[PDB]
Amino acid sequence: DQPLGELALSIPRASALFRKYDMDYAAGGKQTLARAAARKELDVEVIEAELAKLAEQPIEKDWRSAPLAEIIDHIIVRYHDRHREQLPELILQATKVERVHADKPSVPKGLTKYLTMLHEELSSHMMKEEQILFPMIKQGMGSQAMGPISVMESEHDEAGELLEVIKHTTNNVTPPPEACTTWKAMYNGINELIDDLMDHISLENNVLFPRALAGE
């Protein structure tokens, strides 16, 4: 089988399939499609059949072979800037939901705290990438960046841990029947954030970082 990261970046809409299977293609892009079943000891034939047909048409944009400088500029505008705009909004929405629906049992109590931890750590994380690691790659020094890259990958792991908690506090971002408009819309935004953040980390761990280290 091929690596998770290789398939997610080469087959359109394979990203969401892996996310709903609890398959870590971002920080666990190391993982091959085979061992992914080991976690759940579940069918691989279905996943290969789905993937084979999902690949009817080429990918909208193959970043695997794109210049590293363009990958960087793409990450800044498509993921970093979006994260900075979304998380302050989600924090406020979670505040409103945890107060307005405090008396209900299905309310995701603690979501604001966990979203806030993610915002603080992700902001610092992205500031470090944009001010230290990305410039160093643009100057052609990626081959000497094991240290900084390993620090970012460690922080990627931390963020993934927080994502798992957030997914638990919200029953895998599934609104209960009591969900109002604010509540449902917040969960939609939360799913959007998780989708973007896994594709974001995936692109970094599975393309930008290894290619930089290899001297591209």
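Sequential numbering from 1, following the sequence displayed. Just so we're on the same page, rigid core means the largest C-alpha set that superposes within 1.5 Å between forms.
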Farther-lying stretch by C-alpha RMS in 4 other deposited structures of this protein (rigid core fit) among 36-44, 167-175: 36-44
Core-fitted comparison in 4 other deposited structures of this protein, 181-189 vs 59-67, farther C-alphas: 59-67
Entry-level comparison of average CA B-factors, 176-184 and 39-47, reporting the higher stretch: 39-47
8-16 versus 198-206 - greater average Cα B-factor per the deposited record: 8-16
Deposited CA B-factor, highest of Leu54, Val151, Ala69, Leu163: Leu54
Options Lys30, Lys167, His156, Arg64 - largest CA temperature factor per the record: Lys30
CA B-factor ranking of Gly110, expressed as a third of its chain: middle
